[PDB]
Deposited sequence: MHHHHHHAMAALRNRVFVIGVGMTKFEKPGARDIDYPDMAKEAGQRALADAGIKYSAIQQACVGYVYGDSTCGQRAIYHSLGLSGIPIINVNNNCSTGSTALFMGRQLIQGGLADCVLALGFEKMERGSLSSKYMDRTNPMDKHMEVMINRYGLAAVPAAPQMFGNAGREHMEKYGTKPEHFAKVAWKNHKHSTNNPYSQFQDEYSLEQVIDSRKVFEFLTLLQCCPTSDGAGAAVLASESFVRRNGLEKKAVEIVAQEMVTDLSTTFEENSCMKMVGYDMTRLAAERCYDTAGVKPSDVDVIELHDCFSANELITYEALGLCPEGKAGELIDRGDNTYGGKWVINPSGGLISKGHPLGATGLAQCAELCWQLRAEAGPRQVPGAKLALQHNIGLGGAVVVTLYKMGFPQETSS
């Protein structure tokens, strides 16, 4: 069964406490924007898939009833107690593709609240980073491994972050919308090793939403115009390996990204060179830089050359994170994938305004599930 995104919506992503509304009003703003975009009656929604990390099991229902009114529809919380949760969009795609529903709402939101692990926990709190204590150490280790094997420079990681902040200047939904100089990225507060504060994603509070529909729902309702097809979607969980084969890059999911993308390319019958625009999970600059190679944009060890050619921005081969990435937008855990989806749908619909990638036809999304698995998605217009 083919699956289409027929409406998208999001709140602005803002510093926690910047905006004095609670998570149900954030959900309502994003959800009602997606339903207005879709152009459907609220009663068309048959099930809701709701992604959030903080708060008890009733928050998904509370947010949906505040957004749509009271109803009997299933309300599925993405983040189950197995800690193997995917994403609201991934689950909504499953329900359509599996013939369990014709039309679903995917909703996501977040409203915050050894000695090195203790130091990183305090740093995360005081710097407002959207990371767990292990993450800066694991991503710094992966970055350092890439430098030692391939000759990548610390400045290549800073240039990735610089490019994301530059893109953010045209995204009114992003927490940060200012261009920093490369020297300012390098000179910002140390987080871990070469990673500085402007290379790490901050916390944001916010919400995002998407309306997903079957081919028959799109046809019956005449909604071909805005229908963005999910032409491939793959999740890959931790790949059990040996001591001899393990590496710092594998420990942060390099091969999970690589296999998810390979499977998407095969399903969609496309190559990395066919992709026009990308939104990826730049939790740290180091994740974006190695993800260039995992996605097959360039050969092993060649990300520094891609960066130095400007082949990750406007006028280059790929426009990567036209949104400004997690580095600029910040990272409300449950909402990040739906914000990526909103931007890629606007790009393919030619509605991304000052961020528009001219002629974009194939979009790739890279994201991490609430349980840590990598999800890669490919999008094209359904009815061009």
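Colleague: Take the full deposited sequence, match it to the modelled residues, and report the stretches without C-alphas.
Modeller: Seq positions lacking coordinates: 1 to 13, 127 to 138, 410 to 414.
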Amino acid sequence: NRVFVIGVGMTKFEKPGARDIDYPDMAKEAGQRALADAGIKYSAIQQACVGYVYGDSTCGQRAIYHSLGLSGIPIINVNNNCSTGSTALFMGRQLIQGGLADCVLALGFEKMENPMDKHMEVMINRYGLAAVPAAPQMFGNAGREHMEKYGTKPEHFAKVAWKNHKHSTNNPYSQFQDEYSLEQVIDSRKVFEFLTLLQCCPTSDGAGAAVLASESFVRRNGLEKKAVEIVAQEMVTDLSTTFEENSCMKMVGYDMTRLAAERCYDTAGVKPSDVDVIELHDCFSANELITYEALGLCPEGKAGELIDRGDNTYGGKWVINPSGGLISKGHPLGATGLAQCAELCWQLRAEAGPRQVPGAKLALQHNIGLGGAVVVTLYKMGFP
From here on, numbers count along this sequence of modelled residues.
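Colleague: On mean C-alpha B-factor from the PDB entry, just flag whether 88 to 96 or 212 to 220 is the higher one.
Modeller: Higher mean C-alpha B-factor: 212 to 220.
Colleague: Taking the mean of the C-alpha B-factors per stretch from the entry, tell me the winner out of 172 to 180 and 147 to 155.
Modeller: Mean C-alpha B-factor is greater for 147 to 155.
Colleague: By the CA temperature factor listed in this entry, which of these ranks top: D255, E288, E229, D308?
Modeller: Each of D255, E288, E229, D308 was compared by C-alpha B-factor; the highest is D308.
Colleague: Based on the PDB record, which member of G337, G324, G31, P358 exhibits the highest Cα temperature factor?
Modeller: Result of the comparison over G337, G324, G31, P358: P358.
Colleague: Would you mind ranking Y65 by its C-alpha B-factor against the rest of the chain and naming the third, lowest, middle or highest?
Modeller: Middle third.
Colleague: Relative to the other modelled residues in the chain, which third contains the C-alpha temperature factor of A342: lowest, middle or highest?
Modeller: According to the entry, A342 has a C-alpha B-factor in the chain's lowest third.
Colleague: In terms of the chain's CA B-factor thirds, is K163 lowest, middle or highest?
Modeller: For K163, whose C-alpha B-factor we compare with every modelled residue in the chain, the answer is the lowest third.
Colleague: Which third, lowest, middle or highest, does the C-alpha temperature factor of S240 belong to within its own chain?
Modeller: Middle third of the chain for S240's C-alpha B-factor.
Colleague: Lowest, middle or highest third of the chain for the C-alpha temperature factor of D282?
Modeller: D282: CA B-factor falls in the lowest third of its chain.
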